[PDB]
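Only one chain is given next, in structure tokens, and it is the form deposited in one PDB entry.
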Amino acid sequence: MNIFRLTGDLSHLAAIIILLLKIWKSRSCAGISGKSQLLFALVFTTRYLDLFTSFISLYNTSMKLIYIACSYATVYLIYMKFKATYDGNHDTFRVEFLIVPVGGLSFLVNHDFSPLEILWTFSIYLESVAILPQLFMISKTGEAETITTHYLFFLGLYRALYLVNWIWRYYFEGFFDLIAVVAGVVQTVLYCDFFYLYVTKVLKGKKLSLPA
């Protein structure tokens, strides 16, 4: 553990709770891409199969279970409990264009040709593009509520802090994983437009339009 990974992980949990309580309290999933939430749920399901093979720490086990629980819980609120407010007409991103290529790439570009390693690699490739349906839906519809931009900020900030974590771990422990780093850089660069607009508009009381 270093303070970058921990703050990244706290940023990630914050993101997930904010989105969960926004939907819970307002009893609506207005402006939320169900499809992005399916992808995050699929990312945690393929990444955390090592719950069955490895005990790292109680923290590590706990967060994996919290992340899995909240991801499935968010998909439940969107597609069952509050489906009445699910804007299916504007959440039109074709997710097959992420899943099939990422699946294909996870099979051909990996550290090891075993089922657990391939599914991990899949989790890492998929997380890098998981937010595109959410960002596309905002580009399409008018704007995002303030609370949604805060979710996107903290989610975006989480993997940005992992990059710093990876700099720290390379310098200090000689640890490097180029599949996680490259995917991490893709994941983070996809938040650049949103980050700019969040700083210059949302933190200045303006709202955050992404034309296209």
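Just so we're on the same page, rigid core means the largest C-alpha set that superposes within 1.5 Å between forms. Counting begins at 1, following the sequence as shown.
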| query | finding |
| --- | --- |
| Mean temperature factor over C-alpha atoms, higher-scoring stretch between 78-86 and 136-144 | 136-144 |
| Stretch exceeding the other in mean C-alpha B-factor - 8-16, 198-206 | 198-206 |
| Residue, from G34, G174, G184, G31, that the PDB entry assigns the highest Cα B-factor | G174 |
| Peak C-alpha temperature factor (PDB record), options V100, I131, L119, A73 | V100 |
| Chain-wide C-alpha B factor ranking for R27, given as lowest, middle or highest third | highest |
| Relative C-alpha B-factor of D112, binned into the chain's lowest, middle or highest third | middle |
| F52 - which third its CA temperature factor falls in, relative to the rest of the chain | highest |
| Lowest, middle or highest third - CA B-factor, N165 | lowest |
| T45, C-alpha B-factor rank within chain (lowest, middle or highest third) | middle |
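What comes next is about the form deposited in another entry, which does not appear here.
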| query | finding |
| --- | --- |
| Per-residue C-alpha change between the shown form and the other one, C192, threshold 2 Å, rigid core fit | yes |
| Core superposition between the shown form and the other one, C-alpha change of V181 at least 2 Å | no |
| Large Cα shift (2 Å or above) at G88 between the shown form and the other one, core-fitted | no |
| Inter-Cα distance between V75 and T146 in that other deposited form, nearer or further [3 Å or more] | closer |
| In that other deposited form, whether the C-alpha atoms of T146 and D91 sit closer or farther than here (change of 3 Å or more) | closer |
